[PDB]
């Protein structure tokens, strides 16, 4: 009954939308859609919850990716089969540089490919680079709403734990290749870790699709505080504001 294998959507469901905002968490989709006009629930299958809304009179889709490159790759492919050509990722993230503060915004120009799915689209030599128009719209949007913004490289990991050098785990073990890797990325000016951008950016850049990514900083691993839940939600809302404002300039 669906037109795609996983999302549970038909072409008609999108009502001509060609831009998607793609958060990770299905439970966050509704909140984003409600910033815009006539928000409606389209489907919820597996980790993929999708809502439609209208932005300056144009249909947009908000669709969750789940955690990681593999589910992200399914969402992007199936949305592309449904007519989406522009993908904007919104998230919240840690930072790994001392000058980046909680509440700041990160716009990702390109990703360190510590994932597997990106390799299914392009060999490692190929850059996991964002579309310039999307990045520009995100930077301008952040400037417009008075954000403190950092623009640069993000490390994109297939794991939350060892790939980000976390040792407070069941085994306490980090495999050799990843032990000391965080210090390496820090030394090269990498801003932060997350888990989807290498796949998203590589997939889009090699498939004629436009992608960008913005995130709000909720923790800094170099001066690590327990996040205040109110502050997290405020930073999340701030990043969501930026991604929607950027989308307006990409329609």
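Positions refer to the first chain, counted from 1.
- The PDB entry records a higher mean C-alpha B factor for 176-184 than for its counterpart among 176-184 and 148-156.
- Taking the PDB entry as given, 224-232 carries the higher mean Cα B factor of the two stretches 10-18 and 224-232.
- Each of 32, 198, 213, 205 has a CA temperature factor in the record; the biggest one is found at 32.
- Of the candidates 63, 67, 36, 191, the one whose C-alpha carries the top B factor in the deposited record is 36.
- Among all modelled residues in this chain, the alpha-carbon of residue 167 has a temperature factor (C-alpha) in the highest third.
- Among all modelled residues in its chain, residue 98 ranks in the highest third by Cα B-factor.
- Among all modelled residues in this chain, the alpha-carbon of residue 71 has a temperature factor (C-alpha) in the lowest third.
- Per the PDB record, residue ranking by Cα B-factor puts residue 81 in the lowest third of the chain.
- Among the modelled residues of the chain, residue 118 sits in the lowest third by CA temperature factor in this PDB entry.
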